[PDB]
Each structure stands twice: as C-alpha cells, then as structure tokens.
>>> print(open('model_13.txt').read())   # compact mmCIF, C-alpha atoms and all ligand atoms
# COMPACT_ATOMS: atom_id res chain seq x y z
CA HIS A 1 -85.31 46.47 36.56
CA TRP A 2 -83.90 48.92 39.21
CA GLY A 3 -86.09 51.42 40.99
CA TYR A 4 -87.04 52.68 44.43
CA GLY A 5 -89.44 49.98 45.66
CA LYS A 6 -88.95 47.22 48.23
CA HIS A 7 -87.84 44.62 45.69
CA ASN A 8 -85.73 46.81 43.39
CA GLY A 9 -84.64 49.80 45.49
CA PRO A 10 -81.27 51.11 46.69
CA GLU A 11 -80.61 48.08 48.88
CA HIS A 12 -80.71 45.85 45.77
CA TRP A 13 -78.65 47.97 43.36
CA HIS A 14 -75.29 46.43 44.27
CA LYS A 15 -76.29 43.11 42.63
CA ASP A 16 -76.28 44.69 39.14
CA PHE A 17 -73.86 47.54 39.98
CA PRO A 18 -71.28 46.31 42.50
CA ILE A 19 -69.69 49.77 42.72
CA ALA A 20 -72.74 50.58 44.90
CA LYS A 21 -70.51 49.41 47.79
CA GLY A 22 -67.50 51.43 46.61
CA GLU A 23 -65.17 53.86 48.28
CA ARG A 24 -66.68 57.14 46.98
CA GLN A 25 -70.45 56.67 46.79
CA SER A 26 -73.09 59.41 46.98
CA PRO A 27 -75.09 60.90 48.55
CA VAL A 28 -73.62 61.42 52.05
CA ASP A 29 -74.57 63.19 55.23
CA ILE A 30 -72.81 66.54 55.51
CA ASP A 31 -71.70 66.93 59.08
CA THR A 32 -71.36 70.70 59.26
CA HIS A 33 -69.10 70.75 62.31
CA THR A 34 -66.64 68.26 60.73
CA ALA A 35 -66.54 69.91 57.27
CA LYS A 36 -63.29 71.82 56.92
CA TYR A 37 -63.33 75.44 55.76
CA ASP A 38 -60.82 75.66 52.91
CA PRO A 39 -59.77 79.26 52.17
CA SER A 40 -58.04 78.04 48.99
CA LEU A 41 -61.42 77.14 47.43
CA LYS A 42 -62.46 79.64 44.77
CA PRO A 43 -65.93 81.07 44.23
CA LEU A 44 -68.11 79.01 41.96
CA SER A 45 -68.57 80.41 38.45
CA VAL A 46 -72.03 79.68 37.05
CA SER A 47 -72.40 80.99 33.47
CA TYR A 48 -75.90 80.13 32.32
CA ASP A 49 -76.76 83.26 30.25
CA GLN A 50 -76.63 81.37 26.92
CA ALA A 51 -78.33 78.17 28.11
CA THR A 52 -80.51 76.41 25.50
CA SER A 53 -83.05 74.06 27.02
CA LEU A 54 -84.43 71.44 24.64
CA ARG A 55 -86.87 68.94 26.16
CA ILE A 56 -88.48 67.80 29.39
CA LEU A 57 -88.73 64.02 29.90
CA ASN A 58 -90.18 61.49 32.42
CA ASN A 59 -87.57 58.73 32.49
CA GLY A 60 -89.34 56.49 35.01
CA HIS A 61 -87.03 57.58 37.86
CA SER A 62 -87.37 61.42 37.81
CA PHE A 63 -88.19 64.15 35.30
CA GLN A 64 -85.35 65.91 33.57
CA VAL A 65 -84.84 69.07 31.52
CA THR A 66 -82.14 68.55 28.85
CA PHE A 67 -79.90 71.24 27.35
CA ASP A 68 -77.81 71.65 24.22
CA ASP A 69 -74.35 70.58 25.37
CA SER A 70 -72.70 70.73 21.91
CA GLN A 71 -71.06 74.10 22.71
CA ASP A 72 -69.93 76.01 25.82
CA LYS A 73 -73.32 77.76 26.39
CA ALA A 74 -74.11 76.98 30.01
CA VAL A 75 -71.00 76.10 31.97
CA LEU A 76 -69.75 75.58 35.47
CA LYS A 77 -66.16 76.55 36.35
CA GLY A 78 -64.15 77.57 39.39
CA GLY A 79 -64.91 76.38 42.88
CA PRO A 80 -63.03 73.08 43.37
CA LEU A 81 -62.97 72.45 39.61
CA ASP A 82 -60.20 72.54 37.02
CA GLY A 83 -61.45 73.44 33.58
CA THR A 84 -64.90 73.79 32.11
CA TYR A 85 -68.05 71.70 32.63
CA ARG A 86 -71.06 71.87 30.29
CA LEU A 87 -74.62 71.67 31.62
CA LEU A 88 -76.38 68.61 30.19
CA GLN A 89 -79.56 68.32 32.26
CA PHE A 90 -81.25 68.96 35.56
CA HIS A 91 -83.63 66.76 37.51
CA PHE A 92 -85.00 66.39 41.03
CA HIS A 93 -85.37 63.86 43.85
CA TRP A 94 -88.33 64.24 46.24
CA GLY A 95 -90.41 62.55 48.88
CA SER A 96 -93.95 61.44 49.62
CA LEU A 97 -94.07 63.99 52.50
CA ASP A 98 -92.04 67.14 53.17
CA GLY A 99 -89.77 65.52 55.78
CA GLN A 100 -87.87 63.42 53.24
CA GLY A 101 -86.84 63.60 49.61
CA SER A 102 -83.31 64.96 49.54
CA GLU A 103 -80.37 62.67 48.86
CA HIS A 104 -77.72 64.64 50.73
CA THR A 105 -78.55 65.47 54.32
CA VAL A 106 -77.18 68.22 56.57
CA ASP A 107 -76.49 67.14 60.15
CA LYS A 108 -78.93 64.31 59.36
CA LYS A 109 -81.66 66.77 58.29
CA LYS A 110 -83.57 65.74 55.15
CA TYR A 111 -85.06 68.37 52.86
CA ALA A 112 -88.28 67.93 50.89
CA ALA A 113 -86.39 67.67 47.62
CA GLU A 114 -83.02 68.11 45.94
CA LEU A 115 -82.22 69.63 42.53
CA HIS A 116 -79.25 68.24 40.57
CA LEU A 117 -77.71 70.32 37.75
CA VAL A 118 -75.52 67.82 35.91
CA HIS A 119 -72.37 68.99 34.08
CA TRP A 120 -69.52 67.14 32.30
CA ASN A 121 -65.87 68.03 31.80
CA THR A 122 -65.20 69.25 28.26
CA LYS A 123 -61.73 67.74 28.23
CA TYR A 124 -63.43 64.32 27.79
CA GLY A 125 -65.54 65.45 24.83
CA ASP A 126 -68.81 63.67 25.68
CA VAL A 127 -70.70 62.61 28.78
CA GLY A 128 -70.22 58.88 28.14
CA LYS A 129 -66.45 59.29 28.21
CA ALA A 130 -66.69 61.63 31.20
CA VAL A 131 -68.60 59.04 33.29
CA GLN A 132 -65.48 56.82 33.03
CA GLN A 133 -63.18 59.41 34.70
CA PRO A 134 -62.77 60.40 38.37
CA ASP A 135 -63.09 64.11 37.46
CA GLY A 136 -65.60 63.61 34.65
CA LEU A 137 -68.74 65.24 36.09
CA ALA A 138 -69.69 68.07 38.41
CA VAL A 139 -73.18 68.01 39.91
CA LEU A 140 -74.47 71.16 41.55
CA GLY A 141 -76.93 70.13 44.29
CA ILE A 142 -79.54 72.50 45.67
CA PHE A 143 -81.93 71.70 48.53
CA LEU A 144 -85.66 72.51 48.39
CA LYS A 145 -87.69 73.37 51.48
CA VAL A 146 -91.43 74.00 51.46
CA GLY A 147 -92.70 77.54 52.11
CA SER A 148 -93.02 80.38 49.59
CA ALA A 149 -93.24 79.55 45.86
CA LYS A 150 -90.17 79.71 43.61
CA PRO A 151 -91.28 81.75 40.57
CA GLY A 152 -88.50 80.35 38.38
CA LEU A 153 -89.80 76.81 38.97
CA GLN A 154 -93.34 77.46 37.80
CA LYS A 155 -92.76 76.94 34.06
CA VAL A 156 -91.48 73.45 34.94
CA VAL A 157 -94.34 72.44 37.19
CA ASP A 158 -96.95 73.68 34.72
CA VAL A 159 -95.94 71.15 32.05
CA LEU A 160 -95.62 68.08 34.29
CA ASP A 161 -99.20 66.97 33.51
CA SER A 162 -98.01 66.42 29.92
CA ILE A 163 -95.28 63.94 30.97
CA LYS A 164 -97.15 61.96 33.61
CA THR A 165 -95.85 58.50 32.83
CA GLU A 166 -92.54 56.89 31.98
CA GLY A 167 -91.43 57.57 28.41
CA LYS A 168 -93.29 60.83 27.81
CA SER A 169 -91.46 64.02 26.72
CA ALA A 170 -92.30 67.58 25.57
CA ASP A 171 -90.70 70.69 24.05
CA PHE A 172 -89.18 72.77 26.77
CA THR A 173 -87.35 75.60 25.06
CA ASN A 174 -86.32 78.99 26.47
CA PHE A 175 -86.13 77.88 30.10
CA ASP A 176 -83.64 79.86 32.19
CA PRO A 177 -82.12 77.72 34.96
CA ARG A 178 -80.77 80.82 36.72
CA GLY A 179 -84.27 81.10 38.17
CA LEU A 180 -83.66 77.97 40.28
CA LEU A 181 -80.58 79.30 42.14
CA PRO A 182 -80.48 80.65 45.71
CA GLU A 183 -78.84 83.98 46.54
CA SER A 184 -75.62 82.55 47.95
CA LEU A 185 -73.22 80.25 46.11
CA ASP A 186 -71.56 79.16 49.37
CA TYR A 187 -71.00 75.38 49.11
CA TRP A 188 -69.69 72.12 50.42
CA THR A 189 -67.68 69.86 48.12
CA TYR A 190 -66.45 66.24 48.14
CA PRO A 191 -65.55 63.48 45.63
CA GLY A 192 -68.43 61.08 44.98
CA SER A 193 -70.65 59.25 42.53
CA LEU A 194 -73.81 59.26 40.46
CA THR A 195 -76.71 58.51 42.79
CA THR A 196 -78.54 56.29 40.30
CA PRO A 197 -77.18 53.38 38.21
CA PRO A 198 -74.52 53.09 36.95
CA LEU A 199 -73.40 54.71 40.26
CA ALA A 200 -70.11 55.62 38.57
CA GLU A 201 -67.49 57.26 40.77
CA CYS A 202 -67.00 60.22 38.45
CA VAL A 203 -68.55 63.20 40.25
CA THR A 204 -67.19 66.27 42.03
CA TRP A 205 -70.19 67.17 44.21
CA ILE A 206 -70.88 70.84 44.89
CA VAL A 207 -73.79 71.20 47.35
CA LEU A 208 -75.09 74.70 48.06
CA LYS A 209 -75.60 75.67 51.69
CA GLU A 210 -78.67 77.83 51.02
CA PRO A 211 -81.87 75.99 50.10
CA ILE A 212 -84.49 77.40 47.76
CA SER A 213 -88.08 77.62 48.95
CA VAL A 214 -90.86 76.10 46.83
CA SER A 215 -94.59 76.06 47.57
CA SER A 216 -96.65 73.07 48.64
CA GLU A 217 -98.55 73.40 45.35
CA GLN A 218 -95.32 73.13 43.36
CA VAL A 219 -94.12 69.99 45.19
CA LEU A 220 -97.59 68.46 44.98
CA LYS A 221 -97.24 68.54 41.21
CA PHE A 222 -93.97 66.57 41.43
CA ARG A 223 -95.84 63.94 43.45
CA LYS A 224 -98.54 63.46 40.81
CA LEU A 225 -95.99 62.05 38.37
CA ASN A 226 -95.89 58.24 37.85
CA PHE A 227 -93.05 55.73 37.90
CA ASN A 228 -95.07 53.46 35.60
CA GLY A 229 -95.73 53.65 31.91
CA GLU A 230 -99.17 54.49 30.58
CA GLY A 231 -101.50 51.51 30.87
CA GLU A 232 -99.57 49.93 33.77
CA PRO A 233 -100.79 50.01 37.37
CA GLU A 234 -100.39 53.55 38.71
CA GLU A 235 -97.53 54.00 41.18
CA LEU A 236 -96.85 57.60 42.20
CA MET A 237 -93.32 58.89 41.52
CA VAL A 238 -92.41 59.73 45.13
CA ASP A 239 -89.41 58.84 47.32
CA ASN A 240 -87.07 58.61 44.36
CA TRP A 241 -84.00 59.31 46.55
CA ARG A 242 -80.99 57.18 47.53
CA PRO A 243 -80.14 57.39 51.26
CA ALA A 244 -76.80 58.60 52.61
CA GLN A 245 -73.86 56.24 51.97
CA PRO A 246 -70.70 55.70 54.05
CA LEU A 247 -68.26 58.60 53.91
CA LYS A 248 -65.26 56.24 54.17
CA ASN A 249 -61.93 57.96 53.46
CA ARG A 250 -63.28 61.34 52.40
CA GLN A 251 -63.19 64.90 53.58
CA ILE A 252 -66.00 67.35 52.94
CA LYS A 253 -64.69 70.89 52.42
CA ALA A 254 -66.61 74.15 52.94
CA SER A 255 -66.14 77.30 50.84
CA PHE A 256 -67.33 79.44 53.76
CA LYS A 257 -66.55 79.98 57.42
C1 LIG B 1 -74.47 60.92 33.70
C2 LIG B 1 -75.44 59.74 33.57
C3 LIG B 1 -75.25 58.96 32.44
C4 LIG B 1 -76.05 57.87 32.19
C5 LIG B 1 -77.05 57.53 33.08
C6 LIG B 1 -77.25 58.31 34.21
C7 LIG B 1 -76.47 59.42 34.46
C8 LIG B 1 -76.69 60.20 35.76
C9 LIG B 1 -76.61 61.58 35.83
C10 LIG B 1 -76.76 62.24 37.04
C11 LIG B 1 -77.01 61.49 38.19
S1 LIG B 1 -77.18 62.27 39.78
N1 LIG B 1 -78.60 61.76 40.45
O1 LIG B 1 -76.01 61.72 40.59
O2 LIG B 1 -77.20 63.81 39.50
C12 LIG B 1 -77.12 60.10 38.11
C13 LIG B 1 -76.95 59.46 36.90
ZN ZN B 2 -79.83 63.24 40.89
>>> encode(input="model_13.txt", output="structure tokens")
Amino acid sequence: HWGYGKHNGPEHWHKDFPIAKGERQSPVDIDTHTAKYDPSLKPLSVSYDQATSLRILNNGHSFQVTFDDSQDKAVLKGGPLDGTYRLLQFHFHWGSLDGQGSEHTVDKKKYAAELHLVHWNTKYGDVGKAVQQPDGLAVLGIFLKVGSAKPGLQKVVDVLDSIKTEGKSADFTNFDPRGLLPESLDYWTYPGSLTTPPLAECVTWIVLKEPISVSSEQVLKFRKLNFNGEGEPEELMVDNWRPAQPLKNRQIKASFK
C-alpha cells in the first residue's frame, strides 16, 4: 500500500490517512531566525546507560533497532517534556544522493539523512495508547551530514547486508545508542506528528542543532537496502523521507541563543 514512490508516496497518503492534511503535521522547515529562544526550556536529559537493544529489522520503509521498553532503562526526560519517555526504537530516513534525505530542514537546507529516536510517555503505559494522545511520544531527531565516519554507527551498518529486503530481522543486542549522539544537546522543539502512517498528531519533536558526521561508505550501505521483499523486483530503499509540511499555527522554540 503506502510508500515513497510516484503512485503511493507522501502526496497520496491523505487518502488513507486524512490527518495528513492536519494542523500539526511533521516534518517542517525550521526557520532559524523565526524560532524563539525560550530561556524557560530545560536541558534535555538523555539516560541511555541501561539501554537493552533487541533486534534490527527491515520494515519495508526503513530499518529500525528495537529496544526493551518494559522498564525505565533508556529514557528521555526534561527539555520541553513533562514526565518520562521510554526509548522504543530508532530508525533513519535518507536520500539517493547526499543533498536530500532529511525530513526536517533548517533554513530550507536538507541533510543527507535524519535519525529518529522514538520514545513514548510512560503515563500511557504502552505505545499504542500513547499514539492516541497529544503528548504521547517524543522523537529526538538528529541530522546526518557526510564527512568523517561515526564510529558508533559502524555496528549498525555492518549488519545491514543481513536484512536487505522487507521482512528480514536479526539479533542486535548490546548496542549503545549513546554512540549516535552529537556533542551538544542544544535543540529546537515544536508539537507535531509521526512522519509515516498513521501520521498521528502525538509527538513532541526535539531536533538537535548539531548534526553528526557519517562517512560516504556508511551512507552507501543504507542505500543498498531494498524496499521490496525477497523475490520481488529490486527497488533500492532510498528517498524514504516525507517533505516539509505547513507550519500552520505553531511556534518552534529554541533551547539556545
Ligand atoms: C509509533 C508508531 C506506531 C505504529 C506505527 C508507526 C509508528 C511510528 C513511529 C515513529 C515515526 S517517526 N518517523 O515520526 O519517528 C513514525 C511512525
Ligand atoms: Zn522517522
């Protein structure tokens, strides 16, 4: 059904998911001169020391690394958030060439890729319930530019050949997501949505100002993945990003001056 091609891509999604044309859709362009510095915003608290990664999976739209979210082991707190959000999974969006791939943009600039660390609010008990609430999820977004390699990404890229096609998964234990984070936790924040179906308007977005650098060899491995299942015509998993959506009645706030 839905995907990123001409006949099933972002321009078509509203037919099955009418909230695609809603009031708080993501991603958006971050206009840095219009974002308001908010001195009342707290530093982000990222507590990933006890993270337990479980599996890595090709779901036909990205690859994701899933974590044990049955306890408060890897949590996001502080920043614009009230309460505690458990890390469920991370995944990426990327392009066919380095000049596109990110979902959020910064002054209309596109990065080569964007990492999403997906967390849900423990007050709702499970992610399915959280997706039905306006403060249900917090997604930490991190831009990728191409240059030097990111050592903490290498364990991920080295197993991608084992999950080439839709439906494949593998053990992916003892992965430390702290190795994917930039130095600074300075961020922009705004109320938005999931960027893939169901496009639910349940996300507090926290987008880091500082990109991480990854090497061309690392991104090339992303681009060898397939949208298709094994045995179906090969279609490279590239350009799996939704473009910027209308900001409408929203304010983007900055944690930094
Ligand atoms: C939370 C969720 C539940 C069921 C199906 C898809 C999702 C999901 C999670 C994260 C994103 S994003 N790309 O906004 O980080 C999109 C959908
Ligand atoms: Zn995403």
>>> atom_distance(input="model_13.txt", atom1="CA of residue 21 in chain A", atom2="CA of residue 191 in chain A")
15.1 Å
>>> closest_residue(input="model_13.txt", among="A:40, A:148, A:70, A:193", to="ligand ZN 2 (chain B)", atoms="all atoms listed in the file")
A:193
>>> axis_aligned_box(input="model_13.txt", around="ligand LIG 1 (chain B)", padding_each_side="6 Å", output="AutoDock Vina command-line options")
--center_x -76.5 --center_y 60.7 --center_z 36.4 --size_x 16.1 --size_y 18.3 --size_z 20.4
>>> residues_near_ligand(input="model_13.txt", ligand="ligand ZN 2 (chain B)", cutoff="9 Å", atoms="all atoms listed in the file", output="short mmCIF file (atom, residue, chain, number, x, y, z; two decimals) with C-alpha atoms, in the frame of the given file")
data_model
loop_
_atom_site.label_atom_id
_atom_site.label_comp_id
_atom_site.auth_asym_id
_atom_site.auth_seq_id
_atom_site.Cartn_x
_atom_site.Cartn_y
_atom_site.Cartn_z
CA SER A 62 -87.37 61.42 37.81
CA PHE A 90 -81.25 68.96 35.56
CA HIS A 91 -83.63 66.76 37.51
CA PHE A 92 -85.00 66.39 41.03
CA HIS A 93 -85.37 63.86 43.85
CA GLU A 103 -80.37 62.67 48.86
CA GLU A 114 -83.02 68.11 45.94
CA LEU A 115 -82.22 69.63 42.53
CA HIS A 116 -79.25 68.24 40.57
CA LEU A 117 -77.71 70.32 37.75
CA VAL A 118 -75.52 67.82 35.91
CA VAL A 139 -73.18 68.01 39.91
CA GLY A 141 -76.93 70.13 44.29
CA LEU A 194 -73.81 59.26 40.46
CA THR A 195 -76.71 58.51 42.79
CA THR A 196 -78.54 56.29 40.30
CA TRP A 241 -84.00 59.31 46.55
#
>>> atom_distance(input="model_13.txt", atom1="CA of residue 106 in chain A", atom2="CA of residue 253 in chain A")
13.4 Å
>>> atom_distance(input="model_13.txt", atom1="CA of residue 136 in chain A", atom2="CA of residue 19 in chain A")
16.5 Å
>>> closest_residue(input="model_13.txt", among="A:17, A:222, A:227, A:120", to="ligand LIG 1 (chain B)", atoms="all atoms listed in the file")
A:120
>>> residues_around(input="model_13.txt", residues="range 84-89 of chain A", least_positions_apart="4", cutoff="6 Å", atoms="all atoms listed in the file", output="PyMOL selection string")
chain A and resi 65-67+69+74-77+118-122
>>> closest_residue(input="model_13.txt", among="A:18, A:60, A:152, A:3", to="residue 225 in chain A", atoms="only C-alpha atoms")
A:60
>>> closest_residue(input="model_13.txt", among="A:94, A:256, A:111, A:175", to="ligand LIG 1 (chain B)", atoms="all atoms listed in the file")
A:94
>>> residues_around(input="model_13.txt", residues="residue 1 in chain A", least_positions_apart="3", cutoff="10 Å", atoms="all atoms listed in the file", output="ChimeraX atom specification")
/A:7-9,13,16
>>> closest_residue(input="model_13.txt", among="A:73, A:24, A:155, A:242", to="residue 11 in chain A", atoms="all atoms listed in the file")
A:242
>>> closest_residue(input="model_13.txt", among="A:203, A:214, A:81, A:113", to="residue 146 in chain A", atoms="all atoms listed in the file")
A:214
>>> residues_around(input="model_13.txt", residues="residue 177 in chain A", least_positions_apart="4", cutoff="8 Å", atoms="all atoms listed in the file", output="mmCIF file with C-alpha atoms, keeping the file's coordinate frame")
data_model
loop_
_atom_site.group_PDB
_atom_site.id
_atom_site.type_symbol
_atom_site.label_atom_id
_atom_site.label_comp_id
_atom_site.auth_asym_id
_atom_site.auth_seq_id
_atom_site.Cartn_x
_atom_site.Cartn_y
_atom_site.Cartn_z
ATOM 1 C CA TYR A 48 -75.900 80.130 32.320
ATOM 2 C CA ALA A 51 -78.330 78.170 28.110
ATOM 3 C CA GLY A 152 -88.500 80.350 38.380
ATOM 4 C CA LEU A 181 -80.580 79.300 42.140
#
>>> residues_around(input="model_13.txt", residues="range 245-249 of chain A", least_positions_apart="6", cutoff="9 Å", atoms="all atoms listed in the file", output="VMD selection string")
chain A and resid 21 23 to 29
>>> residues_near_point(input="model_13.txt", point="(-98.6, 68.4, 40.4)", cutoff="12 Å", atoms="all atoms listed in the file", output="PyMOL selection string")
chain A and resi 154+156-164+215-226+236-238
>>> residues_around(input="model_13.txt", residues="residue 80 in chain A", least_positions_apart="6", cutoff="8 Å", atoms="all atoms listed in the file", output="PyMOL selection string")
chain A and resi 41-42+44+189
